[PDB]
K.L.:
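A single structure is presented below for examination.
Letters go in sequence order (proteins before strands), and every chain restarts at 1. In each ligand, atom 1 is the first atom listed, and ligand 1 is the first ligand listed.
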Amino acid sequence: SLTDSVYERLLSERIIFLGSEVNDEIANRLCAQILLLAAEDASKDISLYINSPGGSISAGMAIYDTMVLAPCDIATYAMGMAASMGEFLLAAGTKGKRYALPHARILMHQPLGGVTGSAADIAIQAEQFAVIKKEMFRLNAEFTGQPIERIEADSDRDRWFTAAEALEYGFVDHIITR
Amino acid sequence: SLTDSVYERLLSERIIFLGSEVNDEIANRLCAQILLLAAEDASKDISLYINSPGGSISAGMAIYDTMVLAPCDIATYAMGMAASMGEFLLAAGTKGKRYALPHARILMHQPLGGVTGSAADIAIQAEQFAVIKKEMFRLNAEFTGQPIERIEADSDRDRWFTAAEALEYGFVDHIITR
Amino acid sequence: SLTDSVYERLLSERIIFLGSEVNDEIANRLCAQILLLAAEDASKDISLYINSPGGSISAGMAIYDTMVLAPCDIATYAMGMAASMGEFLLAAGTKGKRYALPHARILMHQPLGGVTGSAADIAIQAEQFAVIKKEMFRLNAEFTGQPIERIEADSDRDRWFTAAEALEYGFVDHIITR
Amino acid sequence: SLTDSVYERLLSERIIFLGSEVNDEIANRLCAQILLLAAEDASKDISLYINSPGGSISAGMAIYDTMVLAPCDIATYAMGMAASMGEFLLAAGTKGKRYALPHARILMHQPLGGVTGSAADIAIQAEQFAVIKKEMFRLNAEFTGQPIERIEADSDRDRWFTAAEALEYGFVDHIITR
Amino acid sequence: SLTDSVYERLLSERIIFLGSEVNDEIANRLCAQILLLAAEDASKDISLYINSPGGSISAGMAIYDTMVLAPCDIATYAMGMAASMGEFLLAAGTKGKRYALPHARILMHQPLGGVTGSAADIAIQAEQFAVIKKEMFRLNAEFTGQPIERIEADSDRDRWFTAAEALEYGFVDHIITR
Amino acid sequence: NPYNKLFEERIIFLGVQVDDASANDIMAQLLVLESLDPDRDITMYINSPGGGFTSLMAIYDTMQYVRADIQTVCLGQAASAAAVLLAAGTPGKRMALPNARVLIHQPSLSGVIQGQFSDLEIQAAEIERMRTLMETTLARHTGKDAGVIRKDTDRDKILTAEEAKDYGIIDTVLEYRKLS
Amino acid sequence: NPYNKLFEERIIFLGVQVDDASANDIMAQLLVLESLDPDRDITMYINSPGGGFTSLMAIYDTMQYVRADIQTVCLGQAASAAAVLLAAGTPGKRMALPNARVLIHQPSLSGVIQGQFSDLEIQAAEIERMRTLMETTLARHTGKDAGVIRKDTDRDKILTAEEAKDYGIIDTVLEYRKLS
Amino acid sequence: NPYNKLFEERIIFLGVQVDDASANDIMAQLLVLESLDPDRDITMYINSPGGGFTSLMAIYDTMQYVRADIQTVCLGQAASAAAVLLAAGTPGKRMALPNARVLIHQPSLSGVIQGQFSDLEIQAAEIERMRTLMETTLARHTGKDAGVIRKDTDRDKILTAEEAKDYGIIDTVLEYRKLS
Amino acid sequence: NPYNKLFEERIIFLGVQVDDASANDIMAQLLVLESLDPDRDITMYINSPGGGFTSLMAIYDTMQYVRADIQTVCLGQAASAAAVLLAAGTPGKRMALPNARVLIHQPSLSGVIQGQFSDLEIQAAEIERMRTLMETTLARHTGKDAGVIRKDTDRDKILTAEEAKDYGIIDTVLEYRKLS
Ligand SMILES: CC(C)C[C@H](NC(=O)[C@H](Cc1ccccc1)NC(=O)c1cnccn1)B(O)O
Ligand SMILES: CC(C)C[C@H](NC(=O)[C@H](Cc1ccccc1)NC(=O)c1cnccn1)B(O)O
Ligand SMILES: CC(C)C[C@H](NC(=O)[C@H](Cc1ccccc1)NC(=O)c1cnccn1)B(O)O
Ligand SMILES: CC(C)C[C@H](NC(=O)[C@H](Cc1ccccc1)NC(=O)c1cnccn1)B(O)O
Ligand SMILES: CC(C)C[C@H](NC(=O)[C@H](Cc1ccccc1)NC(=O)c1cnccn1)B(O)O
Ligand SMILES: CC(C)C[C@H](NC(=O)[C@H](Cc1ccccc1)NC(=O)c1cnccn1)B(O)O
Ligand SMILES: CC(C)C[C@H](NC(=O)[C@H](Cc1ccccc1)NC(=O)c1cnccn1)B(O)O
Ligand SMILES: CC(C)C[C@H](NC(=O)[C@H](Cc1ccccc1)NC(=O)c1cnccn1)B(O)O
Ligand SMILES: CC(C)C[C@H](NC(=O)[C@H](Cc1ccccc1)NC(=O)c1cnccn1)B(O)O
């Protein structure tokens, strides 16, 4: 495969890609790449280019934990689209090393999901969704430096940002320009 | 695979191909190829032959940002069909190095998409679609040298160009002829 | 894969195959093979055996432009079936080097397609289909040496040719016989 | 793949297989194998074992032309089933070198297909089907040495032959027996 | 693939497997393996382990002819299931070298199939099915040493045999026991 | 309802695919018209693409069985089973309007019927009996020999109204009796 | 019901796809209206996308066969088979409201019909006979020559009501007779 | 049944998708009401998402053709065919309740229509004729010029009842005549 | 039939999904009851999951348009369009049984609507007009301000019968009038 070939060739250069919807499989692939790059060299930056339409939070939680616990500083790059888990994993990068390409579009919105089962099961899912939303909003407030109330009021629905708007909000720290 | 084999053999010669609909996966493959070619040699041209029926803007935005921020001068080649994101990424090449094959067909139309959700969600999608359309039209005006009002009036619907018509409009700079 | 293996082994001998419906993917594969063979040796002939039930014009336009702009003289071989884009790309070969196998069947007919959208969109598609048909008929008149009016009157519907009939019309220049 | 592996290993021994329905893809694979074997050695026999339930005439026409135009003498082997295009390509082998395994079943019948489109389109398809049937019957008369009228009267419907019956009719020249 | 790997490793040891329904593709794979093993060494036995739920007669005819015409003595091994074409190809082995594993189940029944088309087409299919059934029953009588009338009376419907029952009938010659 | 109004006018419509349900409807209508008046001629208008052979033989048997004569008037097309039913009318009273079609060919199986080779042989002998019975019916109703019917219905033999009258499927072509 | 009320007013609606079932309904209505009063003109309102050629010829034969004159009034669209049925009306009484459509082209097969090349040749000769019969009907009903119909119905010839009157499909354009 | 009860009250409901079947039902109802009393105004309540252009022109032709005046009252939505049929009412008697919708845009093809480029060119010229005929109808019924209709119906022009009255689709907005 | 029996008792059932067909049935019933007696109060029992906004506005316009007062009694659920229709009743006569549901939120599109960005902008402005019209209707019928309706119907605002009475959707909670 040509795509896997160029992906492994850029993995040898410590450049990983979040190029699809963040499901558990792609998440475990990204965490395996991060763990491999941390085992190779724990002092060199891991470049994570994110072009993702979102995905699972659990998956995003796994990628985020692998990003922070790896001794390398994870430099995230908003490439075109960062929505939901993309933006969350983009802002999850190291402070001072989170970048957005000058025409990337960043979509921050409340976690979305589904309820099913009996009334007690849906109530339990409600407690879990509330805890998930509070954790995601507290983490986004930690990343962007914004208050958690502004995070929740803005991510109540689909909230869009350009490169400069995300730089002003706090998802990224610089805008790569030549 | 024979197709992947000849694609990697032309990637070794710095010739990449946008040969399908521009979705996020093909976009990340193309950006990985561009980043690899920029890491190999940042002074040699990257030839991007575009035969695409369009696709995603986000994907096109990612490819475009990877094209510009790439130190190499991205020489785009309109090969047969350049519709929507194909023509946007064709005109996104370096000025003086954007080419069209003498029988390529170039389609420039307003971005298309879909609305869903509640009325506030569809209103938010309306603001986002307006910003996307304004950004795409300003970028096409930057590429072709035409006014943005002419860009919007022409790309209101499907607007077709031959090789000479796209050379006169400004998507390409030369028509390759032997 | 055995088929890809023998295809690459004949690509090393500068023998390419248009063996399926001419869509954009197979077209980009064929153009990549042509560009590779032109980068290897620009003075040796590229043999294109065409067994195709037709396909896309934009795809056929891409293959045709890659055939002409290729420094190498593209020797086309009508192998069994050359319909629509197969016959268009067969007659697109170098003059004096277009061949038909003695029992190949060559089908030349006006381009086909579909109309969709609003009335203005279908009118725009009508202008584009008229320009496409005029360009294809002018190119077939350039290939076969016939007048464009005879081309349009014959390709108004399905027009069939044997090896000798296509030799008399002008799609090929010789009939390979042992 | 094990099947592709043994197929390439027998291709190195100049033994090709028509082991499926004769469509355009398998036909181009077989013609590529024939062209490769003719480029390797043009004086050694190419053994084509045919176990096919029929398929496309065009595909069969392409395979037949590649068989007769390759300087090697194509020894065909009726292996189990030779129906329609299988028997047409089996009898298409070199005279004196067409064989049938002692329990192969050979099915010769008039070409089949479908009519579609307007009345003029179906009339054109009728002329083409008549020319196709006349060409196939003349070629089968050339192969078997039978009159064309007997060919057409026998292949009006499904006509079955055993090994000895096909040896008496003329599809093969010997019956391999140990 | 692990399955293809162990299959090729046992093919190097001259052990082939009829492990699925006997269709034309698996039949051509088995005949290619038999031809390869006969080209490697024509004096060593080819072990064919048969675990098949039946399949095509033509396919079985091709496999049978390849088994007899190969100079090697084809030792068949009833492994678990030999139904229809499995038992036909199991009994098709060399006399004195046909074996059944002590718990294999062998199913001999009249050939099955389907009729379609017009009344003359179905009548022709009736003659062909009668000839096919007579040939299969005569061959099973040749293998088992039983009269053809007993073969036809027993294979009128599904006729089941254990290892000892098939040894008494004549499909195999020994029962492998340790 | 026009169908019931023409049913009081002794007019039956063979206007749908000839399956067992349409066959039983036609047989019930024929038996009702026979019980009403066994001397008055039952008019059967035939515009049908045919269907099964057993329903064909059922309608043919009921048309020959009723005491009333069957004036079969073919309109548009009588293919497969409807052409045999059109020829199955009373001799001298078989009609067809000039632009009607008559498609006669051997009976075929709708799709693939699977089974053992003995069951396939039985089904083949049965469809051969169907072909022979259709040829015998057309020979007894059109005046031709069964061998001519066998060669003609070997494939799709398509005739007009005049061609069916020369063939013997109908005994009269009905002119347009418009007053203007 | 408005359909039955206009059926007492001698008005028939050719308003659905022209298949064998709709053909038999139209034929039953025409035969009932002919048996009721063979002198009063049968009004046939035609808003149909057409269908099979055999049902087309059945309705045409029944319209020409009934003793009553057929005033065919096209509304909206008389495409394929409905345009030939619109021209099949009584000469001098063929009408169409000014914004109606008339689509005349050669008959086509609905999908793909498979079979042996002899059966395909038979089906091709049959659809050529269908094309020739449609051209002959339009030539005898519109006053034109069959060759002009052959070139015109080679592809989709689409006409308005005025264009169909100049073509000969209808004999009069019906004005809007609203009192205001 | 309320539909029949209002049909005796001279009220027609254009309440479903405007296809050929609904078109023929509306035309049959209009012709029955015209044959009953050609002076009393036919009330047509319009709550429809539209449909084909040929059924649109059929209903428009039948509304203009009947001797009775057509008071078209739009309820909820008159998109596509409906809005043109709403403007097709008698001038001065075109109504719409204040929260009704009027969607006017150029006619489109439902899906993809395949074929050769000559057939596609014919279909494109036909849909251009459809667009021009719709623009001419709206210009003759709303008092505007056909070019203003052409720019406005280039895309989905959506109007309220007041906006349709200023546009000319209706001549009066109907107030809520509730006694309380 | 119980529906017709209660229709003679001046009782209408808004009991299915609010689409154009159910809207036209409700409008026909309302117009019949208005033509019968324009003073007697039309009872509308509402147990519906809602539907399209255009059918919603059609039923609302017809309820406000008829001369008879509309006593809307919500049973089970008055959700989406059914809730706005419940508030659309006559002031002082809007009822709901104590365990009924009232779901008010902004109108949404059923699925994905594709097209060019100008058409998507037009559809977005249209659904914004739908949201504003629903908020204006609920503000004029519940006594609240349109901004409070805008924040409340931003998401799914679900109320009981008492909560809808305090909200203003209904004017009275109907007690259980069982004699025991
Ligand atoms: C990252 C957050 C803040 C935003 C969105 N993420 C989610 O809510 C997604 C929704 C989703 C994705 C894939 C499969 C199923 C469900 N995350 C989840 O998987 C999820 C959903 N509900 C509860 C817990 N996790 B994103 O995917 O649009
Ligand atoms: C390049 C622009 C100006 C023209 C065309 N743009 C679009 O229509 C594309 C078509 C598309 C592709 C994949 C998924 C959804 C939609 N639009 C988008 O990608 C899109 C749509 N809505 C929001 C953001 N992006 B092209 O990309 O087809
Ligand atoms: C050589 C030419 C003139 C003859 C035939 N051309 C066509 O009919 C083809 C058929 C086709 C294939 C794929 C997708 C859509 C349509 N036409 C086109 O490719 C086509 C159709 N509309 C616009 C632009 N191109 B052939 O390519 O089938
Ligand atoms: C050898 C010949 C004479 C007999 C048989 N020929 C055919 O029936 C084949 C069957 C087929 C296969 C694929 C697609 C369509 C049709 N006919 C053709 O290939 C065919 C059909 N119509 C026009 C041109 N060729 B055989 O190929 O099954
Ligand atoms: C020993 C043998 C004869 C018994 C059975 N074999 C058959 O009869 C097989 C069953 C089958 C398999 C695949 C497709 C169609 C039919 N028959 C044939 O292959 C067959 C059927 N009709 C004509 C020619 N061959 B076995 O497959 O159950
Ligand atoms: C040719 C005359 C005698 C009648 C023909 N009948 C058949 O071919 C029919 C096929 C058919 C068609 C439509 C629906 C059901 C069945 N043949 C049979 O009914 C049939 C039944 N059993 C064995 C053989 N044929 B007609 O349908 O072509
Ligand atoms: C052109 C006039 C004469 C009538 C046309 N009829 C046909 O093309 C019809 C097919 C059709 C078309 C549309 C809808 C349903 C069925 N032709 C036939 O029924 C037919 C039947 N056998 C052979 C050839 N054609 B019309 O439907 O286009
Ligand atoms: C715009 C006015 C004039 C009427 C519109 N009609 C059409 O677009 C309709 C298509 C349609 C739409 C919805 C449902 C069914 C069919 N136009 C046609 O019927 C049609 C037919 N042939 C060529 C071109 N258009 B409406 O549906 O938008
Ligand atoms: C919210 C109130 C005002 C009415 C709601 N209806 C809508 O949102 C409806 C959609 C719908 C919902 C359910 C079933 C069928 C259709 N709105 C529309 O019909 C509509 C139409 N065009 C643009 C925007 N909305 B209800 O169904 O939630």
Side-chain angles (χ1 to χ4, degrees), chain A residues 21-24 52-61 83-89 107-115 125 128-129 132-133 136-137 139-140 155 158, chain C residues 53 81 105 115 118-119 122, chain D residues 21-24 52-61 83-89 107-115 125 128-129 132-133 135-137 139-140 155, chain G residues 77 101 114 116-117 120 158, chain H residues 17-19 49-57 79-85 103-111 113 123-124 126-131 133-135 137-138 153 156:
Chain A
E21 185 245 346
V22 187
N23 47 26
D24 291 301
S52 172
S56 178
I57 292 106
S58 64
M61 298 335 277
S84 160
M85 246 332 166
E87 76 87 6
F88 181 74
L89 294 168
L107 174 59
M108 172 204 54
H109 52 264
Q110 62 164 305
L112 341 128
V115 283
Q125 285 176 76
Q128 172 67 10
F129 290 163
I132 279 184
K133 195 158 80 176
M136 291 295 269
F137 285 173
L139 284 158
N140 273 324
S155 37
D158 275 5
Chain C
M81 173 54 63
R105 315 204 152 275
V115 274
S118 38
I122 296 185
Chain D
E21 185 245 346
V22 187
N23 47 25
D24 291 301
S52 172
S56 178
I57 294 169
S58 76
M61 298 335 277
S84 153
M85 207 53 53
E87 67 90 14
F88 181 74
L89 295 168
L107 174 59
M108 171 203 55
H109 53 267
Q110 62 166 312
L112 331 151
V115 278
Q125 285 176 76
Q128 172 67 10
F129 290 163
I132 279 184
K133 195 158 80 176
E135 189 61 58
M136 291 295 269
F137 285 173
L139 284 158
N140 273 324
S155 37
Chain G
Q77 53 115 356
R101 199 182 73 174
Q114 296 275 118
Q116 313 185 261
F117 272 2
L120 298 180
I158 310 181
Chain H
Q17 171 101 349
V18 187
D19 52 346
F53 188 85
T54 62
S55 295
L56 163 45
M57 273 315 161
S80 166
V84 183
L85 292 175
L103 202 144
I104 36 167
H105 77 143
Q106 45 193 344
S108 64
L109 278 184
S110 295
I113 289 192
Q123 285 298 309
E126 165 57 28
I127 202 165
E128 183 60 43
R129 189 200 63 88
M130 291 179 156
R131 190 193 175 180
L133 199 62
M134 181 210 65
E135 282 147 2
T137 315
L138 290 177
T153 71
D156 284 12

K.L.:
I need the nearest protein heavy-atom contact for atom 22 (N) of ligand 8: residue, atom name and distance, please.
P.N.:
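The answer is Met130(H) CE, 3.3 Å.
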
K.L.:
For atom 19 (O) of ligand 8, which protein heavy atom lies nearest, and how many Å away is it?
P.N.:
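I find the closest protein heavy atom is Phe53(H) N, 2.9 Å.
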
K.L.:
What's the shortest distance from atom 9 (C) of ligand 1 to any protein heavy atom, and which residue and atom give it?
P.N.:
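In this structure, atom 9 (C) of ligand 1 has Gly55(A) O, 2.7 Å as its nearest protein heavy atom.
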
K.L.:
Is ligand 8 less than 4.0 angstrom away from at least one heavy atom of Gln17(H)?
P.N.:
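Judged by the 4.0 Å heavy-atom criterion, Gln17(H) does count as contacting ligand 8.
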
K.L.:
Would one find an N or O of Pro53(A), backbone or side chain, under 3.5 Å from an N or O of ligand 1?
P.N.:
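Min N/O separation from ligand 1 is not below 3.5 Å for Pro53(A).
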
K.L.:
Is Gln123(H) close to ligand 8, meaning an N/O of one under 3.5 Å from an N/O of the other?
P.N.:
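By distance alone, the answer is no.
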
K.L.:
Check whether any N or O atom of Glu21(A), backbone or side chain, sits under 3.5 Å from an N or O atom of ligand 1, and answer yes or no.
P.N.:
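Not met; the criterion fails.
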
K.L.:
Where on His105(H) is there a heavy atom closer than 4.0 Å to ligand 8, on the side chain, on the backbone, on both, or on neither?
P.N.:
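The answer is both, backbone and side chain.
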
K.L.:
Below a 4.0 angstrom heavy-atom separation, can you tell me which part of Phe129(A), side chain or backbone, both or neither, approaches ligand 1?
P.N.:
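Answer for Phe129(A): side chain.
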
K.L.:
Where on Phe117(G) is there a heavy atom closer than 4.0 Å to ligand 4, on the side chain, on the backbone, on both, or on neither?
P.N.:
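Side chain only; the backbone of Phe117(G) stays clear of ligand 4.
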
K.L.:
Heavy-atom distance from atom 14 (C) of ligand 4 to the protein below 4.0 Å?
P.N.:
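Protein heavy atoms within 4.0 Å of atom 14 (C) of ligand 4 - there are none.
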
K.L.:
Below 3.5 angstrom, do we get any N/O pair linking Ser56(A) and ligand 1?
P.N.:
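In this structure, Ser56(A) places an N or O atom under 3.5 Å from an N or O of ligand 1.
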
K.L.:
Numbering the atoms of ligand 4 from 1, which are under 4.0 Å from a heavy atom of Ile132(D)?
P.N.:
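Every atom of ligand 4 under 4.0 Å from some heavy atom of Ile132(D): 24 (C).
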
K.L.:
Give the residue, atom name and distance (to 0.1 Å) of the protein heavy atom nearest atom 23 (C) of ligand 8.
P.N.:
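Going by distance alone, atom 23 (C) of ligand 8 is nearest to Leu109(H) CD2, 3.2 Å.
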
K.L.:
In terms of atom number and element, which parts of ligand 1 are under 4.0 angstrom from non-hydrogen atoms of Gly54(A)?
P.N.:
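By the 4.0 Å cutoff, the relevant atoms are 27 (O).
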
K.L.:
At less than 4.0 angstrom from any non-hydrogen atom of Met136(D), what atoms of ligand 4 do you find?
P.N.:
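So the answer, numbered in order with elements, is 1 (C), 2 (C), 3 (C).
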
K.L.:
Considering the heavy atoms of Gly113(A), write down every atom of ligand 1 situated less than 4.0 Å from one of them.
P.N.:
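So the answer, numbered in order with elements, is 21 (C), 22 (N).
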
K.L.:
Could you report the tightest heavy-atom contact between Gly51(H) and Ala81(H), atom names first, then the distance?
P.N.:
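Heavy atoms only, the tightest pair is N-CB, 4.0 Å.
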
K.L.:
Please could you name the atoms of ligand 8 that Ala81(H) approaches to less than 4.0 Å, counting only its heavy atoms?
P.N.:
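Answer, ordered by atom number: 2 (C), 4 (C), 26 (B).
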
K.L.:
Determine whether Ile158(G) and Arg101(G) make a side-chain contact, defined as any pair of heavy atoms from C-beta on separated by less than 4.5 Å.
P.N.:
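In short, these two side chains touch, coming nearer than 4.5 Å.
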
K.L.:
Which residue supplies the protein heavy atom nearest to atom 7 (C) of ligand 8, what is that atom called, and how far is it?
P.N.:
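That would be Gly51(H) O, 3.0 Å.
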
K.L.:
Give me the residue, atom name and distance of the protein heavy atom closest to atom 5 (C) of ligand 8.
P.N.:
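Protein heavy atom with the smallest distance to atom 5 (C) of ligand 8: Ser80(H) OG, 2.5 Å.
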
K.L.:
What protein heavy atom is closest to atom 10 (C) of ligand 8, reported as residue, atom name and distance in Å?
P.N.:
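Of every protein heavy atom, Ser108(H) O, 2.8 Å lies nearest to atom 10 (C) of ligand 8.
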
K.L.:
To the nearest 0.1 Å, how far is atom 16 (C) of ligand 8 from its closest protein heavy atom, and which atom is that?
P.N.:
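Result: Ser110(H) OG, 3.0 Å.
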
K.L.:
Among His109(A), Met136(A), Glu21(A), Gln110(A), which one satisfies side chain to side chain contact (heavy atoms under 4.5 Å, CB included) with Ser84(A)?
P.N.:
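Passing option: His109(A).
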
K.L.:
Please determine if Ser84(D) has a nitrogen or oxygen closer than 3.5 Å to a nitrogen or oxygen of ligand 4.
P.N.:
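By distance alone, the answer is yes.
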
K.L.:
Please list, in number order, the atoms of ligand 4 under 4.0 Å from a heavy atom of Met85(D).
P.N.:
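This gives 1 (C), 2 (C), 26 (B), 27 (O) as the contact atoms.
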
K.L.:
Given the protein's heavy atoms, is any one of them under 4.0 Å from atom 1 (C) of ligand 1?
P.N.:
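At least one protein heavy atom is under 4.0 Å away.
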
K.L.:
Are any of the N/O atoms in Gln110(A) less than 3.5 Å from those in ligand 1?
P.N.:
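By distance alone, the answer is no.
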
K.L.:
I'd like to know if the side chain of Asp24(D) pairs up with that of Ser58(D) as donor and acceptor (distance under 3.5 Å, no hydrogens or angles considered).
P.N.:
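Checked: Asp24(D)/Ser58(D) side chains pair up, N/O donor to acceptor below 3.5 Å.
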
K.L.:
Run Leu139(A) and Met61(A) through side-chain contact (heavy atoms from CB on, under 4.5 Å) and show every step you take.
P.N.:
CA-CA 11 Å; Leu139(A) 284 158; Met61(A) 298 335 277; 3.7 Å; yes

K.L.:
Report the part of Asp19(H) in contact with ligand 8, treating N, CA, C, O as backbone and CB onward as side chain, heavy atoms under 4.0 Å; options are side chain, backbone, both, neither.
P.N.:
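Within the 4.0 Å criterion, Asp19(H) makes no contact with ligand 8.
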
K.L.:
With only distance considered, is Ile57(A) within less than 3.5 Å of ligand 1 through an N or O on each side?
P.N.:
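By distance alone, the answer is yes.
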
